[PDB]
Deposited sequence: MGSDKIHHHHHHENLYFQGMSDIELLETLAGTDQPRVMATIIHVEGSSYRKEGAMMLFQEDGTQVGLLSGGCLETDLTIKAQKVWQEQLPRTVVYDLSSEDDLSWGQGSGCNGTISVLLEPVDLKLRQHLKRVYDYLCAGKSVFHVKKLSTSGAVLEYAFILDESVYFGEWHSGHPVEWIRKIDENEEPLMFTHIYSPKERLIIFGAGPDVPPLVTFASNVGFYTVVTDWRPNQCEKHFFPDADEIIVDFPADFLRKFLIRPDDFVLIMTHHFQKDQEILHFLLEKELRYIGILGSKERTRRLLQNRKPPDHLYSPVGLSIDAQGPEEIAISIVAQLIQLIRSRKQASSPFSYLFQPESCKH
């Protein structure tokens, strides 16, 4: 189940065309290691629950009809959850391919399932804006249907946000940067490494980096577009270079700016300028880390903390529920 990213799962559907049934935990009552929203793909070709689901998935594909299966998780071995099995038909295959393309573009997608009392999927939509949506939704504006759900008489609704690959833009390719690229890549970040020294940027130093761009910071910032939902990490160990990068990103709306060094050094970098809103110096959690490997953990832990802490503020689509 919960071991593969949403974008890593939708990617699997693109390089397939193979018969597949998708499982989703739409409800959890009590204790479970797997959370609500966790997904899994059954391909028509480990654990007692997954083996029963395999048989159910096989039936769901043949019937070409979704079903909700309830499992009384109650056992002193840790083996009540509600699993939704949907056949990835030509319609849903097409819609999920469109979802993947929007996450590749960096845009999040709000998904909503309208379920029947029996547990069948009546309607489903993929929302981008207050008007822009796609899917098998025949009844009104999906957004207006969600806001107008009844307190107790309307719990036959499932929502999930398909979040794109988070980007981590790293300024510097020194020998302390390869562990950070590895840890950030493994956790699920899209990593961009940029430095002006071509010998520092050989691909064998950063095999997990999605992009390695050899350029002076000023050229990079001119050519490469930095999105406001991106994470910037300045660790060149060159004052003038760090100052060149920071001064450019100053008025730019940015989620995170982390600078490797002391508060005094960052104060010196900002000489004669107003600091940006989401500046983190010293970078990473204070775990008194020593060396590149430990500092890299400290940085990635902080990123995870901020992605998950600001995910309690419902940041991508919270604006579609106020007014």
| query | Can you list the gaps, in order, where the deposited sequence has no modelled residues? | reply | 1-16, 62-69, 104-113, 358-362
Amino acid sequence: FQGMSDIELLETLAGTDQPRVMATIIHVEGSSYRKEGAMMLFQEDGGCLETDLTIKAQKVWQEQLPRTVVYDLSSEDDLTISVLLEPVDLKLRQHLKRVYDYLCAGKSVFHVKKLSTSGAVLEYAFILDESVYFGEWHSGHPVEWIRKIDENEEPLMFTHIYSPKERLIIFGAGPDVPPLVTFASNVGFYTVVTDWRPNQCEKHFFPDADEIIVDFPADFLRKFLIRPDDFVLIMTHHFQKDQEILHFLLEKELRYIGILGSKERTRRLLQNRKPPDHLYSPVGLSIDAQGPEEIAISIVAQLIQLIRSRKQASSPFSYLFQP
From here on, numbers count along this sequence of modelled residues.
| said: Quick check: 280-288 versus 46-54, which has the larger average CA B-factor in the record? | reply: 46-54
| task | Give the stretch, out of 160-168 and 228-236, with the larger mean C-alpha temperature factor in the deposited entry. | result | 160-168
| Maximum C-alpha temperature factor, selected from 84, 250, 149, 112 | 149
| remark: Comparing C-alpha B-factors across 173, 92, 184, 79 in this entry, the winner is 79
| note | Tertile call for residue 293 (CA temperature factor, within chain, third-based) is the lowest
| field | residue 313 by Cα B-factor - lowest, middle or highest third of the modelled chain | value | highest
| query | Within this chain, which third does the Cα B-factor at residue 32 fall in: lowest, middle or highest? | reply | highest
| request: For residue 13, return the chain-relative third of its C-alpha B-factor as stated in the PDB record: lowest, middle or highest. | output: highest
| request: Compare the C-alpha B factor of residue 242 with those of the other modelled residues in its chain, then answer lowest, middle or highest third. | output: lowest
